[PDB]
Ligand SMILES: Cc1ccccc1OS(=O)(=O)[C@@H]1C[C@@H]2O[C@H]1C(c1ccc(O)cc1)=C2c1ccc(O)cc1
Ligand SMILES: Cc1ccccc1OS(=O)(=O)[C@@H]1C[C@@H]2O[C@H]1C(c1ccc(O)cc1)=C2c1ccc(O)cc1
């Protein structure tokens, strides 16, 4: 869930 | 094409 | 000639050219369900072609150009009509007056559930906005001419239909701000209808049914780039 | 939370949130092939996605959404956003696509990978269409924000609540666009016409995205882990 992580900086 | 016919059809 | 039309003449022309609402052949397996839709869609295609000829500006195009627009926009046009028919039937898709389907019935075919929900979503979105028939016929014509133009005369006509849409909104007593907001809301929906069409044809050209020689001819137009 | 923005404030917000124009790795010594071409594009897109994610955070209204909804919008709109950015960069380079300042390609170089020249011509046609209408940067950043909030707004009682907020934001971006066109000295039928013209192009951008992704999830030349994750959302 990379996108999920990056959206959480 | 069959579509050609219908577009010129009466 | 279509450019010389007034906004009221535009609407009147578009309303008068409306295809009739056809009936389906009088539970569902994947084959029968697909059979009914294919038959219904095959029959509708004939009226759409005659409807297209009466869309102001469409006859001005070469036969090559007419065929191209129809090939690109046919499912979009079928879809917006369906969504419009299902206006006053929340939760259901009214494919025909004798064929009113819901989610669970859409699960009969592999991958159709997803498009059903989108179609239902578009319908309620139309319901929420109180989409009027005058606006609907304008939208449907836009689909025909815009899908797909980038695939000048057409843009002159597109501007005209835009003029008509705003003219309708001004008639209904909308303020200037409400006018462009509503215009935008309507055209953005067309983006989703395009999406539903593309995903729909993704499956359509993988399939069971007999499928019309005309219907396969419309499908073959989209396979060329699969 | 951000509906209290004037048009001018909306614009600078969008303009200051703009991602940079990233560079490729080519290298015009390498004779180029389908694999090299695809690698360049994949590496490029992948790095752009990181900037895109962080740009989205700065789009007014976006962070007011749940993380789930944020994920979904980006999963639906990423290629659309890459595409319109591509089309925008290439506005001053007719018959060419400026993937990067060092990666400028024509349709013939698009033939290097199968089924790509068709989308290439469409991207070209869109780029020219923008040049023809003389699209403005202010109009562009608005368009791109619209794509982000609209491409996956439809596709619970709380899920309908988030939808209404997005609609409020989109209407605010419409107003902004109209505001811009009005200041340019456009009439009113002109504003409405231009508004309609721009939004209709989003349909084509969606079309290119769908057809684009249709080819991408048939594959050779390893997609990045973030790109695979985005790509997986559309099966
Ligand atoms: C995506 C998909 C998967 C499986 C089967 C069909 C699929 O395509 S779909 O997106 O749902 C599509 C939508 C809708 O159901 C399909 C369909 C249609 C058209 C032709 C045909 O041979 C079969 C189906 C619909 C429709 C039909 C008639 C109308 O007047 C209006 C709309
Ligand atoms: C349709 C298709 C077939 C074969 C290979 C790729 C295909 O997709 S395409 O429509 O051309 C697409 C468009 C454009 O080239 C492709 C592409 C891209 C994205 C990710 C990837 O792994 C490979 C390509 C483009 C792009 C790239 C960077 C940008 O900043 C903006 C746009």
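Swiss-Prot numbering applies to chain C: residues 306-331, 336-460, 473-528, 533-551, in that order.
Per the header of the entry, the method used was X-ray crystallography, 2.4 Å.
Backbone N, Cα and C define each Cβ position, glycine as well.
Listed in Swiss-Prot:
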BINDING   C:353, C:394, C:524  17beta-estradiol binding site
LIPID     C:447  S-palmitoyl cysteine
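Where Swiss-Prot records a feature, it is marked here on the structure.
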residue	record	DSSP class
C:353	17beta-estradiol binding site	helix
C:394	17beta-estradiol binding site	helix
C:447	S-palmitoyl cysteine	helix
C:524	17beta-estradiol binding site	helix
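Here residue C:394 (17beta-estradiol binding site) comes close to C:326, C:403, C:404: these same-chain residues lie at least six apart in sequence, with C-beta atoms under 8 angstroms from its C-beta. Close to residue C:353 (17beta-estradiol binding site) in the fold, though at least 6 residues off in sequence, lie C:324, C:327, C:387, C:390, each with a CB less than 8 Å from its CB. Gap check: 4 residues are unmodelled from residue C:331 to residue C:336, and the C-alpha separation across it is 12 Å.
Checking the recorded positions C:353, C:447, C:524 against ligand 1, the ones with a C-beta less than 6 Å from an atom of that molecule are C:353, C:524.
A sphere of 10 angstroms centred on the C-beta of residue C:524 (17beta-estradiol binding site) encloses 14 other C-beta atoms. Spatially close to residue C:447 (S-palmitoyl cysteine) yet at least six residues away along the chain are C:315, C:316, C:319, C:482, C:485, C:486, C:489, judged by Cβ distances under 8 angstroms. No coordinates are deposited for the 12 residues that fall between residue C:460 and residue C:473. The C-alpha atoms bordering this gap are 13 Å apart. Among the residues the record lists as binding 17beta-estradiol, namely C:353, C:394, C:524, the two farthest apart have Cα atoms separated by 23 Å. Between residue C:528 and residue C:533, the deposited coordinates omit 4 residues, leaving a Cα-to-Cα distance of 6 Å across the break.
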